[PDB]
Amino acid sequence: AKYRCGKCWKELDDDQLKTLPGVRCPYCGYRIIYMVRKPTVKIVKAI
Amino acid sequence: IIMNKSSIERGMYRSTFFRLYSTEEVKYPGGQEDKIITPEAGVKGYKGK
Amino acid sequence: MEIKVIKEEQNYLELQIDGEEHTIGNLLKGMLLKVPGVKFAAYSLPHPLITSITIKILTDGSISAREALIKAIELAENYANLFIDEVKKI
Amino acid sequence: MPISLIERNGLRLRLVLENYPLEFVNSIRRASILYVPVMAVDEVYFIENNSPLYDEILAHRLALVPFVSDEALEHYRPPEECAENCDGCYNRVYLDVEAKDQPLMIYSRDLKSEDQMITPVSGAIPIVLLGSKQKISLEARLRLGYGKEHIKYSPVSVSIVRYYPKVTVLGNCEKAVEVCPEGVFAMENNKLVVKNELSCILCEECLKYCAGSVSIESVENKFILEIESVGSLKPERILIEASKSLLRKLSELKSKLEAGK
Amino acid sequence: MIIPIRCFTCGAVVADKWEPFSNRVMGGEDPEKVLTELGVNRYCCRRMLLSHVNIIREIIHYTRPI
Ligand code: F3S
Ligand SMILES: [Zn+2]
Ligand SMILES: [Zn+2]
């Protein structure tokens with residue numbers, strides 16, 4: 001899916017298409033990336 | 001002890017519990033085969049669709 | 001809110017009401033204790049986790065227990081109407 | 001069986017009931033909490049959330065916010081009716097905020113309501129603090145409900161029924177002025193006059209020291225009923241709706257009791 | 001983490017009285033007078049206001065990178 005660079009918390013977004021020899025942010029060269037919230041309406045009951 | 005239910009419904013002693021799961025792709029240098037993290041369309045130990 | 005009858009005689013009634021709690025039970029007991037001819041009136045909550053009450057009425061035979069319950073309901077309705085009409089004036 | 005008024009503050013209302021039984025007054029007090037409908041958030045539709053608060057916590061905070069459900073009691077279906085489908089009984093509010101470079105606090109004035117006569121009671125309620133480059137986008141649905149189902153539907157904060165006091169001064173003991181926690185007594189020309197008798201809570205502490213100069217009784221047929229609303233409804237409307245709920249329940253019970261005798 | 005919307009014991013709204021009380025107390029005013037004149041009289045709401053910690057101002061720095 002889509003990822004987000006871990007440096008400075010919410011840095012920038014990248015996708016599957018960035019094929020690199022290792023897990024690395026193409027922009028800042030950071031080795032930790034996270035996953036996006038999969039934009040979709042989520043229903044939660046205010047109980 | 002007896003606790004007030006109305007104060008509980010206002011969020012008095014509510015809490016959240018966090019658990020962690022972890023995995024690694026072992027390289028298996030002994031035979032050069034490697035792991036991979038993909039879905040399991042057709043595999044031996046399949047669980048269910 | 002559903003009612004059922006556990007026991008019933010001319011001078012005895014045991015009524016189980018599901019969907020009710022102290023708000024109506026205490027009012028009905030207080031009104032029943034004022035109706036003439038009623039010798040014993042009580043309500044019980046069998047379990048706090050269950051919303052249901054049991055009303056026990058025992059008269060002296062002059063008036064049927066069901067009639068006593070109807071009279072108590074009439075008294076409560078009269079009091080409620082009077083309260084509305086008096087609060088609306090202030 | 002008259003009803004007298006003691007005080008009318010912004011949200012408080014105190015009355016004296018003179019010929020009502022204690023059971024009826026207590027029933028009115030309980031129904032002012034349990035069986036009066038107000039508007040509150042029922043469900044939240046989340047699109048984005050980056051705030052420190054999770055979705056469930058944010059939904060709970062939104063639900064606890066009181067809305068002005070005064071004109072909505074005549075245009076929206078009550079929970080006792082069908083109310084779960086047939087749109088026309090749900091109000092919709094939106095919240096779309098974002099912080100650019102500095103932390104930003106989100107207040108209840110940022111909630112935009114589809115229907116203009118249903119607004120938050122107060123616009124200065126802090127909801128969530130957002131850090132840099134954090135945003136929230138959600139839609140919430142409002143509906144009527146009773147306090148019996150959930151406490152977020154209760155229209156009052158305190159509902160009180162207490163006895164009617166009667167304090168009489170027999171002697172001239174000076175201790176009573178410095179013992180009563182309610183400040184009922186006062187010293188005027190060294191006589192121990194009673195200023196505000198209705199403030200006594202039948203504490204019976206002046207009897208421990210005076211014991212002969214002060215007599216305390218409770219009037220057998222008068223009661224004091226004090227309620228304080230939260231802002232959604234005015235107290236008189238709350239009392240009227242509580243008594244109407246009692247009327248409906250009694251009518252239903254009698255109707256289904258006399259039938260099938 | 002953040003001030004509760006309502007008092008736990010009674011359903012009185014107390015969240016809107018935090019940013020005044022938190023400021024005027026830091027200005028040298030004694031808490032009792034500020035609480036009394038803000039409209040807080042039952043000691044449950046006084047307990048709610050007097051013992052808040054407000055951690056969220058530190059947690060906004062450490063937020064989930066989702
Ligand atoms: S001293 Fe004071 S508050 Fe009540 S019963 Fe006796 S009056
Ligand atoms: Zn990066
Ligand atoms: Zn309180």
# chains A, B, ... in the order shown; residues from 1 in each chain; ligands from 1
call {"tool": "residues_near_ligand", "arguments": {"ligand": "ligand 3", "cutoff": "7 Å", "atoms": "only C-alpha atoms and all ligand atoms", "output": "mmCIF file with N, CA, C and O atoms, in the first residue's frame"}}
result
data_model
loop_
_atom_site.group_PDB
_atom_site.id
_atom_site.type_symbol
_atom_site.label_atom_id
_atom_site.label_comp_id
_atom_site.auth_asym_id
_atom_site.auth_seq_id
_atom_site.Cartn_x
_atom_site.Cartn_y
_atom_site.Cartn_z
ATOM 1 N N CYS E 7 -17.915 16.526 35.077
ATOM 2 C CA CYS E 7 -17.569 15.983 36.381
ATOM 3 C C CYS E 7 -18.030 14.534 36.473
ATOM 4 O O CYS E 7 -19.062 14.158 35.913
ATOM 5 N N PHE E 8 -17.238 13.708 37.153
ATOM 6 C CA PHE E 8 -17.550 12.284 37.214
ATOM 7 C C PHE E 8 -18.776 12.020 38.076
ATOM 8 O O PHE E 8 -19.666 11.258 37.681
ATOM 9 N N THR E 9 -18.851 12.646 39.250
ATOM 10 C CA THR E 9 -19.938 12.360 40.181
ATOM 11 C C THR E 9 -21.263 12.913 39.670
ATOM 12 O O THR E 9 -22.227 12.166 39.471
ATOM 13 N N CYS E 10 -21.331 14.222 39.453
ATOM 14 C CA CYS E 10 -22.489 14.871 38.862
ATOM 15 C C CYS E 10 -22.160 15.272 37.432
ATOM 16 O O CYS E 10 -21.010 15.559 37.104
ATOM 17 N N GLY E 11 -23.175 15.305 36.580
ATOM 18 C CA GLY E 11 -22.924 15.543 35.173
ATOM 19 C C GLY E 11 -22.669 16.988 34.804
ATOM 20 O O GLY E 11 -22.971 17.403 33.682
ATOM 21 N N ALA E 12 -22.114 17.766 35.728
ATOM 22 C CA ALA E 12 -21.862 19.178 35.480
ATOM 23 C C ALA E 12 -20.690 19.348 34.526
ATOM 24 O O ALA E 12 -19.650 18.703 34.684
ATOM 25 N N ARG E 42 -19.809 22.592 44.496
ATOM 26 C CA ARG E 42 -19.723 21.245 45.040
ATOM 27 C C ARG E 42 -18.285 20.757 44.969
ATOM 28 O O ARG E 42 -17.602 20.953 43.961
ATOM 29 N N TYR E 43 -17.821 20.121 46.045
ATOM 30 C CA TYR E 43 -16.403 19.790 46.112
ATOM 31 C C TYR E 43 -16.004 18.669 45.162
ATOM 32 O O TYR E 43 -14.804 18.435 44.989
ATOM 33 N N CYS E 44 -16.957 17.985 44.530
ATOM 34 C CA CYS E 44 -16.598 17.025 43.492
ATOM 35 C C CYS E 44 -16.016 17.731 42.271
ATOM 36 O O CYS E 44 -14.981 17.319 41.733
ATOM 37 N N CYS E 45 -16.657 18.814 41.828
ATOM 38 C CA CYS E 45 -16.124 19.573 40.701
ATOM 39 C C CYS E 45 -14.835 20.295 41.073
ATOM 40 O O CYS E 45 -13.942 20.449 40.231
#
call {"tool": "interface_residues", "arguments": {"of": "chain E", "to": "chain D", "cutoff": "12 Å", "atoms": "only C-alpha atoms", "output": "NGL selection string"}}
result
:E and (1-20 or 39 or 42 or 45 or 54-66)
call {"tool": "residues_around", "arguments": {"residues": "residue 26 in chain B", "least_positions_apart": "5", "cutoff": "12 Å", "atoms": "only C-alpha atoms", "output": "PyMOL selection string"}}
result
chain B and resi 31-37
call {"tool": "residues_near_ligand", "arguments": {"ligand": "ligand 1", "cutoff": "12 Å", "atoms": "only C-alpha atoms and all ligand atoms", "output": "count of residues only"}}
result
46
call {"tool": "closest_residue", "arguments": {"among": "E:53, E:25, E:38, E:48", "to": "chain B", "atoms": "only C-alpha atoms"}}
result
E:48
call {"tool": "select_by_dssp", "arguments": {"residues": "range 6-51 of chain E", "states": "helix (DSSP H, G or I)", "output": "list in words"}}
result
residues 15, 16, 17, 18, 19, 20, 21, 22, 23, 24, 25, 26, 31, 32, 33, 34, 35, 36, 37, 38, 43, 44, 45, 46, 47, 48, 49 and 50 of chain E
call {"tool": "atom_distance", "arguments": {"atom1": "CA of residue 49 in chain C", "atom2": "CA of residue 16 in chain C"}}
result
15.7 Å
call {"tool": "residues_near_ligand", "arguments": {"ligand": "ligand 2", "cutoff": "12 Å", "atoms": "only C-alpha atoms and all ligand atoms", "output": "PyMOL selection string"}}
result
chain A and resi 3-14+23-34
call {"tool": "interface_residues", "arguments": {"of": "chain B", "to": "chain A", "cutoff": "12 Å", "atoms": "only C-alpha atoms", "output": "short mmCIF file (atom, residue, chain, number, x, y, z; two decimals) with N, CA and C atoms, in the first residue's frame"}}
result
data_model
loop_
_atom_site.label_atom_id
_atom_site.label_comp_id
_atom_site.auth_asym_id
_atom_site.auth_seq_id
_atom_site.Cartn_x
_atom_site.Cartn_y
_atom_site.Cartn_z
N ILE B 8 -18.65 5.87 35.78
CA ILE B 8 -17.93 5.00 34.85
C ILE B 8 -18.31 5.33 33.42
N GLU B 9 -19.60 5.56 33.16
CA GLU B 9 -20.06 5.90 31.82
C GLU B 9 -19.55 7.27 31.37
N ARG B 10 -19.07 8.10 32.29
CA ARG B 10 -18.44 9.36 31.93
C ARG B 10 -16.95 9.22 31.69
N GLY B 11 -16.39 8.03 31.88
CA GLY B 11 -15.00 7.77 31.57
C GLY B 11 -14.06 7.91 32.74
#
call {"tool": "closest_atom_pairs", "arguments": {"of": "chain A", "to": "chain D", "cutoff": "8 Å", "atoms": "only C-alpha atoms", "output": "Markdown table"}}
result
| residue | atom | partner | partner_atom | distance |
| --- | --- | --- | --- | --- |
| A:10 | CA | D:133 | CA | 7.6 |
| A:37 | CA | D:48 | CA | 7.7 |
| A:39 | CA | D:47 | CA | 6.6 |
| A:40 | CA | D:47 | CA | 6.2 |
| A:41 | CA | D:47 | CA | 5.2 |
| A:42 | CA | D:46 | CA | 5.1 |
| A:43 | CA | D:45 | CA | 4.8 |
| A:44 | CA | D:44 | CA | 5.5 |
| A:45 | CA | D:43 | CA | 4.6 |
| A:46 | CA | D:59 | CA | 4.8 |
| A:47 | CA | D:60 | CA | 6.4 |
call {"tool": "closest_atom_pairs", "arguments": {"of": "chain D", "to": "chain C", "cutoff": "12 Å", "atoms": "only C-alpha atoms", "output": "Markdown table"}}
result
| residue | atom | partner | partner_atom | distance |
| --- | --- | --- | --- | --- |
| D:1 | CA | C:82 | CA | 8.6 |
| D:2 | CA | C:86 | CA | 7.2 |
| D:3 | CA | C:86 | CA | 6.7 |
| D:4 | CA | C:90 | CA | 8.4 |
| D:5 | CA | C:90 | CA | 7.9 |
| D:6 | CA | C:90 | CA | 11.4 |
| D:7 | CA | C:90 | CA | 11.8 |
| D:8 | CA | C:90 | CA | 10.8 |
| D:13 | CA | C:90 | CA | 11.2 |
| D:14 | CA | C:90 | CA | 11.7 |
| D:15 | CA | C:87 | CA | 9.7 |
| D:16 | CA | C:87 | CA | 11.2 |
| D:17 | CA | C:83 | CA | 9.4 |
| D:18 | CA | C:83 | CA | 11.2 |
| D:19 | CA | C:79 | CA | 9.9 |
| D:20 | CA | C:79 | CA | 7.7 |
| D:21 | CA | C:30 | CA | 8.0 |
| D:22 | CA | C:30 | CA | 8.4 |
| D:23 | CA | C:27 | CA | 5.1 |
| D:24 | CA | C:27 | CA | 6.0 |
| D:25 | CA | C:27 | CA | 9.2 |
| D:26 | CA | C:23 | CA | 7.9 |
| D:27 | CA | C:23 | CA | 5.3 |
| D:28 | CA | C:23 | CA | 8.5 |
| D:29 | CA | C:23 | CA | 9.2 |
| D:30 | CA | C:23 | CA | 6.6 |
| D:31 | CA | C:23 | CA | 7.4 |
| D:32 | CA | C:23 | CA | 10.9 |
| D:33 | CA | C:23 | CA | 11.0 |
| D:34 | CA | C:23 | CA | 9.4 |
| D:35 | CA | C:23 | CA | 10.2 |
| D:80 | CA | C:1 | CA | 11.8 |
| D:148 | CA | C:21 | CA | 10.7 |
| D:235 | CA | C:87 | CA | 10.4 |
| D:236 | CA | C:87 | CA | 7.1 |
| D:237 | CA | C:88 | CA | 9.1 |
| D:238 | CA | C:87 | CA | 10.7 |
| D:239 | CA | C:87 | CA | 7.9 |
| D:240 | CA | C:84 | CA | 5.9 |
| D:241 | CA | C:84 | CA | 9.0 |
| D:242 | CA | C:80 | CA | 9.6 |
| D:243 | CA | C:80 | CA | 5.8 |
| D:244 | CA | C:80 | CA | 7.7 |
| D:245 | CA | C:80 | CA | 9.7 |
| D:246 | CA | C:80 | CA | 7.3 |
| D:247 | CA | C:77 | CA | 6.0 |
| D:248 | CA | C:77 | CA | 9.3 |
| D:249 | CA | C:24 | CA | 8.2 |
| D:250 | CA | C:73 | CA | 6.4 |
| D:251 | CA | C:77 | CA | 8.0 |
| D:252 | CA | C:1 | CA | 8.8 |
| D:253 | CA | C:3 | CA | 8.3 |
| D:254 | CA | C:70 | CA | 6.7 |
| D:255 | CA | C:70 | CA | 9.9 |
| D:256 | CA | C:3 | CA | 8.0 |
| D:257 | CA | C:3 | CA | 7.7 |
| D:258 | CA | C:70 | CA | 7.8 |
| D:259 | CA | C:3 | CA | 11.4 |
| D:260 | CA | C:4 | CA | 10.9 |
| D:261 | CA | C:66 | CA | 8.5 |
call {"tool": "residues_around", "arguments": {"residues": "residue 35 in chain E", "least_positions_apart": "5", "cutoff": "9 Å", "atoms": "only C-alpha atoms", "output": "list in words"}}
result
residues 21, 30, 40, 41, 46 and 49 of chain E
call {"tool": "atom_distance", "arguments": {"atom1": "CA of residue 38 in chain D", "atom2": "CA of residue 36 in chain E"}}
result
29.1 Å
call {"tool": "select_by_dssp", "arguments": {"residues": "chain C", "states": "strand (DSSP E or B)", "output": "short mmCIF file (atom, residue, chain, number, x, y, z; two decimals) with N, CA, C and O atoms, in the first residue's frame"}}
result
data_model
loop_
_atom_site.label_atom_id
_atom_site.label_comp_id
_atom_site.auth_asym_id
_atom_site.auth_seq_id
_atom_site.Cartn_x
_atom_site.Cartn_y
_atom_site.Cartn_z
N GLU C 2 -43.99 -5.72 29.95
CA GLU C 2 -44.97 -6.80 29.88
C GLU C 2 -45.33 -7.24 31.29
O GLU C 2 -44.46 -7.38 32.15
N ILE C 3 -46.62 -7.49 31.51
CA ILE C 3 -47.10 -7.90 32.82
C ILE C 3 -47.50 -9.37 32.76
O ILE C 3 -47.88 -9.89 31.71
N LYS C 4 -47.40 -10.04 33.91
CA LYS C 4 -47.92 -11.39 34.04
C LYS C 4 -48.35 -11.61 35.48
O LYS C 4 -47.93 -10.90 36.39
N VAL C 5 -49.22 -12.59 35.68
CA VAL C 5 -49.82 -12.87 36.98
C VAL C 5 -49.24 -14.17 37.50
O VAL C 5 -49.34 -15.22 36.85
N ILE C 6 -48.62 -14.11 38.68
CA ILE C 6 -48.09 -15.32 39.31
C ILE C 6 -49.18 -16.03 40.10
O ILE C 6 -49.40 -17.24 39.94
N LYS C 7 -49.88 -15.30 40.96
CA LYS C 7 -51.00 -15.82 41.71
C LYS C 7 -52.11 -14.79 41.71
O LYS C 7 -51.86 -13.59 41.56
N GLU C 8 -53.35 -15.25 41.88
CA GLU C 8 -54.49 -14.35 41.87
C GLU C 8 -55.66 -14.99 42.62
O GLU C 8 -56.04 -16.13 42.34
N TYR C 12 -56.00 -11.33 46.87
CA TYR C 12 -54.57 -11.50 46.72
C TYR C 12 -54.18 -11.39 45.26
O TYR C 12 -54.84 -11.97 44.39
N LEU C 13 -53.11 -10.65 45.00
CA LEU C 13 -52.56 -10.53 43.65
C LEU C 13 -51.05 -10.45 43.71
O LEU C 13 -50.49 -9.74 44.55
N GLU C 14 -50.39 -11.20 42.82
CA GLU C 14 -48.95 -11.14 42.64
C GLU C 14 -48.70 -10.88 41.16
O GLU C 14 -48.98 -11.74 40.32
N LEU C 15 -48.17 -9.70 40.84
CA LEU C 15 -48.01 -9.27 39.46
C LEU C 15 -46.54 -8.99 39.18
O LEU C 15 -45.91 -8.22 39.91
N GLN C 16 -46.01 -9.60 38.13
CA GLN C 16 -44.63 -9.39 37.72
C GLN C 16 -44.63 -8.50 36.49
O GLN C 16 -45.26 -8.82 35.48
N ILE C 17 -43.92 -7.37 36.57
CA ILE C 17 -43.84 -6.39 35.50
C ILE C 17 -42.40 -6.34 35.02
O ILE C 17 -41.49 -6.07 35.80
N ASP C 18 -42.20 -6.59 33.73
CA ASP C 18 -40.89 -6.55 33.10
C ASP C 18 -40.75 -5.26 32.31
O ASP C 18 -41.64 -4.90 31.53
N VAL C 38 -57.13 -2.09 51.76
CA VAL C 38 -55.89 -2.81 51.46
C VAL C 38 -55.15 -3.03 52.77
O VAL C 38 -54.90 -2.07 53.52
N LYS C 39 -54.79 -4.28 53.05
CA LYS C 39 -54.10 -4.62 54.29
C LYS C 39 -52.60 -4.74 54.13
O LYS C 39 -51.86 -4.45 55.08
N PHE C 40 -52.12 -5.16 52.96
CA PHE C 40 -50.68 -5.29 52.74
C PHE C 40 -50.38 -4.98 51.28
O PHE C 40 -51.10 -5.43 50.38
N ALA C 41 -49.33 -4.20 51.05
CA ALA C 41 -48.89 -3.89 49.70
C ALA C 41 -47.39 -3.73 49.71
O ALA C 41 -46.84 -3.03 50.56
N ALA C 42 -46.72 -4.40 48.77
CA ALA C 42 -45.27 -4.31 48.70
C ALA C 42 -44.81 -4.52 47.27
O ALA C 42 -45.55 -5.04 46.43
N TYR C 43 -43.59 -4.08 46.99
CA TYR C 43 -42.94 -4.36 45.72
C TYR C 43 -41.52 -4.83 45.99
O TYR C 43 -40.92 -4.49 47.01
N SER C 44 -41.00 -5.63 45.07
CA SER C 44 -39.68 -6.22 45.22
C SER C 44 -38.95 -6.19 43.88
O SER C 44 -39.56 -6.31 42.82
N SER C 52 -36.99 -5.60 36.30
CA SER C 52 -38.29 -6.23 36.50
C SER C 52 -38.64 -6.14 37.97
O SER C 52 -37.77 -6.25 38.84
N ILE C 53 -39.93 -5.97 38.26
CA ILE C 53 -40.40 -5.84 39.63
C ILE C 53 -41.57 -6.80 39.86
O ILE C 53 -42.21 -7.28 38.92
N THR C 54 -41.83 -7.07 41.13
CA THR C 54 -42.93 -7.92 41.55
C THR C 54 -43.75 -7.19 42.61
O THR C 54 -43.20 -6.78 43.63
N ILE C 55 -45.05 -7.05 42.37
CA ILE C 55 -45.95 -6.33 43.26
C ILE C 55 -46.88 -7.33 43.92
O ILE C 55 -47.52 -8.14 43.23
N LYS C 56 -46.96 -7.27 45.25
CA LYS C 56 -47.82 -8.15 46.03
C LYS C 56 -48.86 -7.29 46.74
O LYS C 56 -48.51 -6.36 47.48
N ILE C 57 -50.14 -7.61 46.52
CA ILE C 57 -51.26 -6.89 47.11
C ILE C 57 -52.14 -7.89 47.84
O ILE C 57 -52.48 -8.95 47.29
N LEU C 58 -52.53 -7.56 49.07
CA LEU C 58 -53.41 -8.39 49.89
C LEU C 58 -54.43 -7.48 50.55
O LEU C 58 -54.06 -6.59 51.32
N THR C 59 -55.71 -7.71 50.26
CA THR C 59 -56.80 -6.91 50.79
C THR C 59 -57.57 -7.71 51.84
O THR C 59 -57.21 -8.84 52.18
#
